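Shown next: final.cif, containing mmCIF, C-alpha atoms.
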```cif
data_my_file
loop_
_atom_site.label_atom_id
_atom_site.label_comp_id
_atom_site.auth_asym_id
_atom_site.auth_seq_id
_atom_site.Cartn_x
_atom_site.Cartn_y
_atom_site.Cartn_z
CA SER A 1 132.80 97.40 112.51
CA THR A 2 129.67 95.75 111.14
CA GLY A 3 126.35 96.76 109.60
CA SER A 4 122.97 95.04 109.33
CA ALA A 5 120.01 96.29 107.30
CA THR A 6 116.65 94.82 106.37
CA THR A 7 115.86 94.48 102.68
CA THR A 8 112.20 94.50 101.57
CA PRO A 9 110.54 93.33 98.32
CA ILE A 10 109.18 96.25 96.28
CA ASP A 11 106.04 94.36 95.25
CA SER A 12 104.13 91.10 95.61
CA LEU A 13 106.33 89.35 93.02
CA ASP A 14 109.71 90.12 94.61
CA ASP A 15 110.66 92.02 91.44
CA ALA A 16 113.44 93.74 93.41
CA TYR A 17 114.41 94.54 96.98
CA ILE A 18 115.02 97.90 98.64
CA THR A 19 117.25 98.66 101.59
CA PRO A 20 117.28 101.98 103.46
CA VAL A 21 120.54 103.94 103.18
CA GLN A 22 121.48 107.12 105.06
CA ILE A 23 123.26 109.73 102.93
CA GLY A 24 124.63 113.07 104.10
CA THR A 25 124.40 115.24 107.20
CA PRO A 26 121.75 115.41 108.52
CA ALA A 27 120.85 112.00 107.13
CA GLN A 28 118.72 111.73 104.02
CA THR A 29 117.32 108.19 103.91
CA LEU A 30 116.84 106.73 100.42
CA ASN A 31 115.67 103.22 99.59
CA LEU A 32 118.28 101.68 97.31
CA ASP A 33 118.42 98.52 95.23
CA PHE A 34 121.55 96.65 96.37
CA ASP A 35 123.03 95.18 93.20
CA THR A 36 125.87 92.65 93.29
CA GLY A 37 125.95 92.86 89.48
CA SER A 38 127.07 96.50 89.22
CA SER A 39 129.43 98.89 90.94
CA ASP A 40 127.88 102.37 91.00
CA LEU A 41 126.03 103.94 93.94
CA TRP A 42 123.65 106.33 92.22
CA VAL A 43 120.58 108.19 93.41
CA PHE A 44 117.64 110.21 92.28
CA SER A 45 118.52 113.75 93.27
CA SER A 46 117.69 117.45 93.17
CA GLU A 47 119.59 117.41 89.85
CA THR A 48 117.41 114.76 88.17
CA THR A 49 115.38 116.06 85.21
CA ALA A 50 112.04 116.91 86.82
CA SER A 51 109.91 115.04 84.28
CA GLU A 52 111.90 111.88 85.04
CA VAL A 53 111.05 111.91 88.76
CA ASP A 54 107.74 110.30 89.74
CA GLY A 55 107.44 109.59 93.45
CA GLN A 56 111.05 108.76 94.33
CA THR A 57 112.79 110.25 97.33
CA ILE A 58 115.65 112.45 96.18
CA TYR A 59 119.09 113.26 97.56
CA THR A 60 119.71 117.01 97.80
CA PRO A 61 123.43 117.57 98.21
CA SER A 62 123.01 121.29 98.97
CA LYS A 63 121.22 120.27 102.20
CA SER A 64 124.10 118.05 103.35
CA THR A 65 126.90 119.74 105.26
CA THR A 66 129.26 116.87 104.37
CA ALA A 67 128.55 116.77 100.60
CA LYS A 68 131.32 117.88 98.24
CA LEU A 69 131.19 118.03 94.45
CA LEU A 70 133.75 115.65 92.97
CA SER A 71 134.88 118.19 90.43
CA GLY A 72 134.84 117.09 86.80
CA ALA A 73 133.55 113.59 87.51
CA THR A 74 130.68 112.16 85.48
CA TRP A 75 129.08 108.74 85.22
CA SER A 76 126.87 106.86 82.80
CA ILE A 77 125.62 103.30 83.09
CA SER A 78 123.58 100.90 81.02
CA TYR A 79 122.13 97.76 82.57
CA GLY A 80 121.39 94.33 81.11
CA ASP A 81 117.67 95.08 80.99
CA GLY A 82 118.23 98.09 78.73
CA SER A 83 117.74 100.72 81.43
CA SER A 84 120.24 103.50 82.04
CA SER A 85 121.13 106.58 84.03
CA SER A 86 123.85 109.24 84.13
CA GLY A 87 124.98 112.36 85.93
CA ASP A 88 127.67 113.92 88.09
CA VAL A 89 129.25 112.96 91.42
CA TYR A 90 129.45 114.07 95.04
CA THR A 91 131.33 112.58 97.94
CA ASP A 92 129.37 112.28 101.17
CA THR A 93 128.89 110.15 104.28
CA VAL A 94 126.91 106.98 103.62
CA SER A 95 125.63 104.57 106.27
CA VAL A 96 124.01 101.17 105.85
CA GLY A 97 122.56 99.43 108.87
CA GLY A 98 124.87 101.28 111.26
CA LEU A 99 128.04 100.94 109.15
CA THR A 100 129.39 104.31 108.05
CA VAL A 101 131.70 105.21 105.17
CA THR A 102 132.98 108.75 104.84
CA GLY A 103 133.96 110.10 101.43
CA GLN A 104 131.75 107.66 99.50
CA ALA A 105 131.13 108.55 95.85
CA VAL A 106 127.41 109.29 95.55
CA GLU A 107 126.51 109.49 91.88
CA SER A 108 123.74 112.05 91.36
CA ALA A 109 121.45 111.30 88.43
CA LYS A 110 120.75 114.04 85.94
CA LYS A 111 118.94 111.59 83.64
CA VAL A 112 117.29 108.22 84.20
CA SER A 113 115.51 105.97 81.70
CA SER A 114 111.79 105.32 81.78
CA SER A 115 111.99 102.06 83.75
CA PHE A 116 113.52 103.95 86.67
CA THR A 117 111.04 106.82 86.49
CA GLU A 118 108.16 104.34 86.43
CA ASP A 119 109.32 102.57 89.57
CA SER A 120 108.47 104.93 92.42
CA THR A 121 109.80 102.53 95.05
CA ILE A 122 113.49 102.54 94.00
CA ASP A 123 115.43 105.71 94.84
CA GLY A 124 118.69 104.47 93.28
CA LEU A 125 121.15 101.59 93.22
CA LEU A 126 124.00 100.57 95.50
CA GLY A 127 126.50 98.50 93.55
CA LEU A 128 128.28 95.60 95.23
CA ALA A 129 130.20 94.06 92.32
CA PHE A 130 133.93 94.78 91.95
CA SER A 131 135.06 98.40 91.71
CA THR A 132 136.70 97.75 88.34
CA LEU A 133 133.16 98.06 86.85
CA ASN A 134 132.51 101.50 88.35
CA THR A 135 131.63 103.99 85.58
CA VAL A 136 132.88 107.27 87.07
CA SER A 137 135.19 109.16 84.72
CA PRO A 138 137.95 110.29 84.66
CA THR A 139 138.71 108.86 88.11
CA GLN A 140 137.03 105.52 88.82
CA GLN A 141 135.42 105.27 92.25
CA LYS A 142 135.14 102.52 94.84
CA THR A 143 131.99 100.73 95.95
CA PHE A 144 130.57 101.12 99.44
CA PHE A 145 131.86 97.63 100.30
CA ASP A 146 135.34 98.32 98.95
CA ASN A 147 135.50 101.54 101.02
CA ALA A 148 134.20 99.80 104.17
CA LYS A 149 136.26 96.63 103.85
CA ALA A 150 139.33 97.54 105.87
CA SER A 151 137.16 98.65 108.80
CA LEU A 152 134.97 95.55 108.83
CA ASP A 153 135.46 92.80 111.39
CA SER A 154 135.67 90.37 108.44
CA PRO A 155 135.89 91.40 104.76
CA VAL A 156 132.49 89.98 103.82
CA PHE A 157 128.88 90.84 103.22
CA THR A 158 125.92 88.47 103.13
CA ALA A 159 122.64 88.45 101.24
CA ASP A 160 119.65 86.75 102.85
CA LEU A 161 116.74 87.58 100.55
CA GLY A 162 113.20 86.61 101.49
CA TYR A 163 110.52 84.93 99.43
CA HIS A 164 107.55 87.30 99.59
CA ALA A 165 109.08 88.59 102.85
CA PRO A 166 111.82 90.90 104.12
CA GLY A 167 115.39 89.70 104.45
CA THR A 168 118.79 91.03 105.47
CA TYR A 169 122.08 92.40 104.17
CA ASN A 170 124.90 92.11 106.71
CA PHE A 171 128.35 93.65 106.41
CA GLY A 172 131.41 92.41 108.26
CA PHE A 173 130.07 89.25 109.89
CA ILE A 174 128.37 85.94 109.17
CA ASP A 175 125.18 85.41 111.21
CA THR A 176 125.44 81.74 112.09
CA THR A 177 121.77 81.72 113.17
CA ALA A 178 120.56 82.71 109.69
CA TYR A 179 121.18 79.42 107.87
CA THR A 180 120.92 75.68 108.36
CA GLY A 181 123.69 73.14 107.95
CA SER A 182 127.06 74.35 106.66
CA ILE A 183 128.16 77.01 104.17
CA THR A 184 129.79 75.63 101.01
CA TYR A 185 132.35 77.96 99.51
CA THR A 186 133.23 78.05 95.83
CA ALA A 187 135.81 79.89 93.71
CA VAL A 188 135.16 83.30 92.15
CA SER A 189 136.61 84.84 89.01
CA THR A 190 136.79 88.63 89.10
CA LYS A 191 137.99 88.87 85.49
CA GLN A 192 134.70 90.40 84.28
CA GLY A 193 134.15 92.43 87.48
CA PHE A 194 131.35 90.17 88.73
CA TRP A 195 130.89 87.62 91.48
CA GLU A 196 131.34 84.94 88.84
CA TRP A 197 131.39 81.28 89.85
CA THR A 198 130.70 77.81 88.44
CA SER A 199 127.74 75.75 89.56
CA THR A 200 128.30 72.00 89.49
CA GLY A 201 124.92 71.10 87.94
CA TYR A 202 121.18 70.94 88.35
CA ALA A 203 118.09 68.86 88.91
CA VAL A 204 114.45 69.41 87.96
CA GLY A 205 111.92 68.47 90.62
CA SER A 206 112.61 65.02 92.04
CA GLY A 207 114.73 64.13 89.01
CA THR A 208 118.31 62.95 88.97
CA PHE A 209 121.07 65.50 89.34
CA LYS A 210 122.93 66.36 86.13
CA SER A 211 126.59 67.06 86.76
CA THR A 212 127.62 69.88 84.45
CA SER A 213 129.60 73.11 84.88
CA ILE A 214 127.49 76.27 84.64
CA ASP A 215 129.47 79.50 84.83
CA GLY A 216 127.40 82.47 85.97
CA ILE A 217 127.13 85.50 88.23
CA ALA A 218 125.53 85.98 91.63
CA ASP A 219 123.41 89.05 90.91
CA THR A 220 121.02 90.45 93.52
CA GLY A 221 119.96 93.15 91.05
CA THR A 222 118.47 90.69 88.54
CA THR A 223 115.03 89.30 89.34
CA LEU A 224 115.10 85.95 87.56
CA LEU A 225 117.35 82.93 87.05
CA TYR A 226 118.89 82.92 83.55
CA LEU A 227 120.51 79.65 82.48
CA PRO A 228 121.54 77.88 79.25
CA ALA A 229 118.72 77.03 76.87
CA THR A 230 119.29 73.29 77.33
CA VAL A 231 118.77 73.53 81.11
CA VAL A 232 115.77 75.83 80.81
CA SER A 233 114.09 73.59 78.23
CA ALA A 234 114.58 70.58 80.52
CA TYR A 235 112.87 72.48 83.36
CA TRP A 236 109.84 73.72 81.43
CA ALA A 237 109.33 70.35 79.71
CA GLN A 238 108.13 69.16 83.14
CA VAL A 239 105.28 71.71 83.20
CA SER A 240 102.24 70.77 81.09
CA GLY A 241 101.42 73.53 78.63
CA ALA A 242 104.59 75.57 79.20
CA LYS A 243 106.15 77.15 76.13
CA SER A 244 108.53 79.84 75.05
CA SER A 245 106.66 82.83 73.71
CA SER A 246 108.55 85.28 71.52
CA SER A 247 105.65 87.73 71.86
CA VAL A 248 105.82 87.72 75.66
CA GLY A 249 109.61 87.47 75.83
CA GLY A 250 110.24 84.09 77.44
CA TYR A 251 108.73 80.97 78.91
CA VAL A 252 105.14 81.15 80.06
CA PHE A 253 103.04 78.46 81.68
CA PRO A 254 99.40 77.89 82.60
CA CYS A 255 98.57 79.67 85.84
CA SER A 256 96.80 76.46 86.92
CA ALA A 257 100.12 74.58 87.04
CA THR A 258 102.00 73.36 90.06
CA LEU A 259 105.66 74.12 89.32
CA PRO A 260 108.46 71.68 90.14
CA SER A 261 111.43 72.74 92.22
CA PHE A 262 114.83 73.44 90.66
CA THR A 263 118.10 72.41 92.32
CA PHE A 264 121.50 73.90 91.59
CA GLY A 265 124.87 72.59 92.71
CA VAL A 266 127.48 74.43 94.75
CA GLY A 267 130.41 72.06 94.90
CA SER A 268 129.00 68.85 96.38
CA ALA A 269 126.17 70.81 98.04
CA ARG A 270 122.71 71.46 96.64
CA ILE A 271 120.40 74.49 96.87
CA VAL A 272 116.72 73.78 96.20
CA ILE A 273 114.52 76.51 94.73
CA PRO A 274 110.89 75.66 95.55
CA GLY A 275 108.49 75.66 92.61
CA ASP A 276 106.53 78.61 94.01
CA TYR A 277 109.64 80.81 93.74
CA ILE A 278 109.53 80.28 89.96
CA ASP A 279 106.02 81.76 89.57
CA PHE A 280 105.97 85.39 88.42
CA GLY A 281 102.24 85.54 87.95
CA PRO A 282 99.96 86.55 85.11
CA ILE A 283 101.67 88.08 82.09
CA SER A 284 99.03 90.85 82.16
CA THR A 285 96.30 91.51 84.68
CA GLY A 286 93.66 88.79 84.58
CA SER A 287 95.55 86.52 82.20
CA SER A 288 95.68 82.76 82.76
CA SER A 289 99.18 82.69 81.23
CA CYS A 290 101.87 83.09 83.87
CA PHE A 291 105.48 84.21 83.46
CA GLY A 292 108.29 81.85 84.41
CA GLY A 293 111.09 82.63 86.81
CA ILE A 294 113.68 80.50 85.00
CA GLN A 295 114.52 81.88 81.56
CA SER A 296 117.15 81.33 78.91
CA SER A 297 120.40 83.26 79.02
CA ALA A 298 120.95 82.73 75.30
CA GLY A 299 121.84 86.10 73.84
CA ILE A 300 122.59 87.69 77.23
CA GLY A 301 126.08 86.29 76.96
CA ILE A 302 126.24 85.21 80.60
CA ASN A 303 124.26 83.04 83.00
CA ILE A 304 122.72 84.95 85.91
CA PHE A 305 121.89 83.57 89.33
CA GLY A 306 119.43 86.33 90.15
CA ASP A 307 117.00 86.70 93.01
CA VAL A 308 115.00 83.55 92.18
CA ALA A 309 118.12 81.51 92.96
CA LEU A 310 119.73 83.65 95.63
CA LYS A 311 116.62 83.95 97.80
CA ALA A 312 116.66 80.15 98.25
CA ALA A 313 120.03 80.49 100.03
CA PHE A 314 122.08 82.35 102.59
CA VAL A 315 124.85 83.81 100.40
CA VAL A 316 128.29 84.95 101.54
CA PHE A 317 130.17 87.41 99.36
CA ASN A 318 133.72 86.95 100.66
CA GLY A 319 135.88 89.90 99.65
CA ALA A 320 139.13 88.59 101.07
CA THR A 321 142.30 88.95 98.97
CA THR A 322 141.14 85.92 97.01
CA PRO A 323 137.36 86.36 96.83
CA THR A 324 134.97 83.42 97.14
CA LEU A 325 131.21 82.84 97.37
CA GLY A 326 129.46 80.77 100.01
CA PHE A 327 126.00 79.22 99.86
CA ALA A 328 123.96 77.63 102.64
CA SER A 329 120.40 76.38 102.80
CA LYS A 330 118.11 78.22 105.22
#
```
Could you rewrite the structure in this file as structure tokens?
Amino acid sequence: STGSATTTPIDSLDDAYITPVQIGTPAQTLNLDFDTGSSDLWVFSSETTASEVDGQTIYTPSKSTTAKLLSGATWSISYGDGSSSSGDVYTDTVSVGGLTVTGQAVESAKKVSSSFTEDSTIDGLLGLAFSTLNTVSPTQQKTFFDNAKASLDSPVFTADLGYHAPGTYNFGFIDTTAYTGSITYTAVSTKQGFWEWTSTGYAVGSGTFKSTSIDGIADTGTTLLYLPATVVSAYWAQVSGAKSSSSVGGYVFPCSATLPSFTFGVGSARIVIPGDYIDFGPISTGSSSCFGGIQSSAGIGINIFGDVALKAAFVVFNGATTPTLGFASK
């Protein structure tokens, strides 16, 4: 089997992407944030504290003939950005782009933090990291991909995120029309439960490539590119007037700037992030200070190849017995 679904930016900045997901019988379609940095499929629901729902579409398990309470199971998750959610668990039929999993754990939120409430466009998350990170207790649950894997034509999914445009998540096949040149594959460590890999270096604009190992995670659920302070300083030093602002929470730059590109290495290959991808616009409405899309990972504890990086590539998440990651230009 295979699946193919379009993923759409939630706003004009590509802050996140939503993908429609069918849950239950008859189908209830929710728009979920596919997150290769976590491993829980959770949704706003009929059980979510009413004051914490503001415009989201909810899953109502009592209206699904295939929903079953997973008795005694609870979940609770905290994300890198400080947001969180928790609740109980149902199993139900879940389909993505024509690919169906029966008996998928659907984690029903009883509580969500303010950031989730305030984002009316995201109805929940669909985790695509390794199932070892799943938070369901006392019986850990599998991700949608893990459940689908054996049925897929090939044990892979791909992320093809757009810049200010829709893109695609495919399951079970590699669309050879969706990228240019060849795909370069690189080793993955699953020791922390992430799609963790090592970039071979970077360049700023038309500058020379610096060969240096940068361990980090491929994370579709993180907006920006978070890299070591040395690398980030080298980038922003090429933008007149750019500076790190503790009050704003990172590097800002004059909105009048033209940003240089940023290149990262994948083995001997190179992925180029155009300068425009690194512009996250005014820090507040009407400001002439703009927020940067490359930020320091210092104090996160891990480097994160988030959407800013991933959307410059066609990315293969290879879930074979020994997982790997592939990157192609597009």
I need the output of the PyMOL selection byres ((chain A and resi 111) around 10) for this file as a VMD selection string; which residues are they? chain A and resid 44 to 45 47 to 53 76 84 to 87 108 to 110 112 to 114 116 to 117
Write the residues of the preceding selection, restricted to C-alpha atoms, as a PDB file, in the coordinates of the input.
```pdb
ATOM      1  CA  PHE A  44     117.640 110.210  92.280  1.00  0.00           C
ATOM      2  CA  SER A  45     118.520 113.750  93.270  1.00  0.00           C
ATOM      3  CA  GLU A  47     119.590 117.410  89.850  1.00  0.00           C
ATOM      4  CA  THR A  48     117.410 114.760  88.170  1.00  0.00           C
ATOM      5  CA  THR A  49     115.380 116.060  85.210  1.00  0.00           C
ATOM      6  CA  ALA A  50     112.040 116.910  86.820  1.00  0.00           C
ATOM      7  CA  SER A  51     109.910 115.040  84.280  1.00  0.00           C
ATOM      8  CA  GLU A  52     111.900 111.880  85.040  1.00  0.00           C
ATOM      9  CA  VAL A  53     111.050 111.910  88.760  1.00  0.00           C
ATOM     10  CA  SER A  76     126.870 106.860  82.800  1.00  0.00           C
ATOM     11  CA  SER A  84     120.240 103.500  82.040  1.00  0.00           C
ATOM     12  CA  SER A  85     121.130 106.580  84.030  1.00  0.00           C
ATOM     13  CA  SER A  86     123.850 109.240  84.130  1.00  0.00           C
ATOM     14  CA  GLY A  87     124.980 112.360  85.930  1.00  0.00           C
ATOM     15  CA  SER A 108     123.740 112.050  91.360  1.00  0.00           C
ATOM     16  CA  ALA A 109     121.450 111.300  88.430  1.00  0.00           C
ATOM     17  CA  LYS A 110     120.750 114.040  85.940  1.00  0.00           C
ATOM     18  CA  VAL A 112     117.290 108.220  84.200  1.00  0.00           C
ATOM     19  CA  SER A 113     115.510 105.970  81.700  1.00  0.00           C
ATOM     20  CA  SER A 114     111.790 105.320  81.780  1.00  0.00           C
ATOM     21  CA  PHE A 116     113.520 103.950  86.670  1.00  0.00           C
ATOM     22  CA  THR A 117     111.040 106.820  86.490  1.00  0.00           C
TER      23      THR A 117
END
```
Go through the shown structure with the PyMOL selection byres ((chain A and resi 130-143) around 9) and write out the matching residues as a compact mmCIF listing (two decimals) with C-alpha atoms, keeping the file's coordinate frame.
```
# COMPACT_ATOMS: atom_id res chain seq x y z
CA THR A 36 125.87 92.65 93.29
CA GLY A 37 125.95 92.86 89.48
CA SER A 38 127.07 96.50 89.22
CA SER A 39 129.43 98.89 90.94
CA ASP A 40 127.88 102.37 91.00
CA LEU A 41 126.03 103.94 93.94
CA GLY A 72 134.84 117.09 86.80
CA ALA A 73 133.55 113.59 87.51
CA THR A 74 130.68 112.16 85.48
CA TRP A 75 129.08 108.74 85.22
CA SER A 76 126.87 106.86 82.80
CA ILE A 77 125.62 103.30 83.09
CA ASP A 88 127.67 113.92 88.09
CA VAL A 89 129.25 112.96 91.42
CA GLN A 104 131.75 107.66 99.50
CA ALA A 105 131.13 108.55 95.85
CA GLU A 107 126.51 109.49 91.88
CA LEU A 126 124.00 100.57 95.50
CA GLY A 127 126.50 98.50 93.55
CA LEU A 128 128.28 95.60 95.23
CA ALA A 129 130.20 94.06 92.32
CA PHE A 144 130.57 101.12 99.44
CA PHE A 145 131.86 97.63 100.30
CA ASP A 146 135.34 98.32 98.95
CA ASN A 147 135.50 101.54 101.02
CA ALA A 148 134.20 99.80 104.17
CA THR A 190 136.79 88.63 89.10
CA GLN A 192 134.70 90.40 84.28
CA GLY A 193 134.15 92.43 87.48
CA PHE A 194 131.35 90.17 88.73
CA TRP A 195 130.89 87.62 91.48
```
Please write as a PyMOL selection string the full residue list that the PyMOL selection byres ((chain A and resi 229-241) around 10) yields on this file. chain A and resi 201-205+210+214+225-228+242-244+251-262+289+292+294-298
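Comparing A:115, A:172, A:103, A:220 by their smallest distance to residue A:18, the closest is A:220 (using only C-alpha atoms).
In this comparison, which uses all atoms listed in the file, the residue of A:62, A:102, A:222, A:12 approaching residue A:151 most closely is A:102.
Across A:170, A:83, A:182, A:247, the tightest approach to residue A:271 is made by A:182 when counting only C-alpha atoms.
Residues with any atom within 10 Å of stretch 163-166 of chain A, counting all atoms listed in the file and excluding same-chain neighbours fewer than 2 positions away, are residues 6, 7, 8, 9, 10, 11, 12, 13, 14, 15, 17, 18, 19, 160, 161, 168, 276, 277, 307, 308, 311 and 312 of chain A.
If you look at atom CA of residue A:263 and atom CA of residue A:327, they are 12.9 Å away from each other.
One distance worth recording is that between atom CA of residue A:157 and atom CA of residue A:35, which is 12.4 Å.
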Ref. answer, residues at most 9 Å from (127.5, 81.5, 89.7) with only C-alpha atoms, as number ranges by chain: A: 188, 195-199, 214-219, 266, 303-305, 325
With 3 Å added on each side, what axis-aligned box encloses every listed atom of stretch 227-235 of chain A? Give the centre and edge lengths in Å to one decimal, as AutoDock Vina command-line options.
```
--center_x 117.2 --center_y 75.1 --center_z 80.1 --size_x 14.7 --size_y 15.1 --size_z 12.5
```
Quick one: residues within 12 Å of residue A:100, all atoms listed in the file, excluding same-chain residues fewer than 3 positions away - as a ChimeraX atom specification? /A:1-4,21-24,27,92-97,103-104,144-145,147-149,151-152,171
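The coordinates place atom CA of residue A:162 at 12.7 Å from atom CA of residue A:274.
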Residues near residue A:328, anyone? I mean within 12 Å using all atoms listed in the file, not counting same-chain ones fewer than 4 positions away, as a VMD selection string. chain A and resid 158 to 160 174 to 186 264 to 272 309 to 316
Please return as a compact mmCIF listing (two decimals) with C-alpha atoms, in the frame of the given file every residue within 9 Å of (111.0, 89.4, 80.2), taking into account only C-alpha atoms and the file's own coordinates.
```
# COMPACT_ATOMS: atom_id res chain seq x y z
CA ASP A 81 117.67 95.08 80.99
CA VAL A 248 105.82 87.72 75.66
CA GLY A 249 109.61 87.47 75.83
CA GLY A 250 110.24 84.09 77.44
CA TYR A 251 108.73 80.97 78.91
CA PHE A 291 105.48 84.21 83.46
CA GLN A 295 114.52 81.88 81.56
```
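Restricting the calculation to all atoms listed in the file, the smallest distance between residue A:16 and any of A:288, A:321, A:46, A:31 is found for A:31.
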